[PDB]
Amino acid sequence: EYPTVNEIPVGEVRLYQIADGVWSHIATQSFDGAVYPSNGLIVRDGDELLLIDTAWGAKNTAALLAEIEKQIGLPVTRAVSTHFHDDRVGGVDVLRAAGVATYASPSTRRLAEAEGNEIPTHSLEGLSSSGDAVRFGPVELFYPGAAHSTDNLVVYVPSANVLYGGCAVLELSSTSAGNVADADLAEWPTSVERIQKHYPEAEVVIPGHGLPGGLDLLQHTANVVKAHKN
């Protein structure tokens, strides 16, 4: 069913249909001597597509665009990066050069610049406080508070009851919170609680890495982060 690392080589991207006009994109990348799968989202908006997150690299992101053209046949016109790390902004330059308007919060843009990563072109205002929510094309963007990073955004597709958590949400098989160098472990469970409270009708929850599931990914994440912190 849902692709895993073993089934996607680095440089290749698969799409997985979640709902009508909602797909995840799955790519693999080598980081610090380990290969990991990574998810982002694609949402139909009329005869155009909104992309959430790059495919983690310029080559992967070019492969992503090529795979979208083959499988869906509609142009990607806008993209949003959900935090400042390279699984999320790496490839923005490819998108921009391809004519895609790239967006992120001012905080993500600042952090990306400070870290030497690619920087989305446009700022998304109205997301500076925990609980803030803004409409963007066919999705709602939500800032739940600091979790995996201080700037992390989550994305809800109202038409499909699909919640894309990015790296603020962990898959059910996870036993740890993973890379926590930029994380706020004290706040993270509270940030997840905000998501739970704001999107109780969510039917599918997609983590930044790994298998989609139901609403239980949220509580599981809070539990793992709490147990991580000890």
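Throughout, we count residues from 1 along the sequence that is shown.
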Using only C-alpha atoms and the B-factors in the entry, which stretch averages higher, 83 to 91 or 148 to 156?
83 to 91
Per the entry, where is the mean C-alpha temperature factor higher: 47 to 55 or 65 to 73?
65 to 73
Given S174, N39, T190, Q29, identify the residue with the highest C-alpha B factor in the PDB entry.
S174
Report the option among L15, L211, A19, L218 whose CA atom has the maximum B-factor in the deposited record.
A19
Please place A97 in the lowest, middle or highest third of its chain by C-alpha B factor as given in the entry.
highest
Chain-relative CA temperature factor third for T108:
lowest
Using the temperature factors of the C-alpha atoms in this entry, rank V205 within its chain: lowest, middle or highest third.
lowest
What third of the chain does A186 rank in for C-alpha temperature factor, lowest, middle or highest?
highest
Based on the deposited C-alpha B factors for this chain, I'd like to know if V180 is in the lowest, middle or highest third.
highest
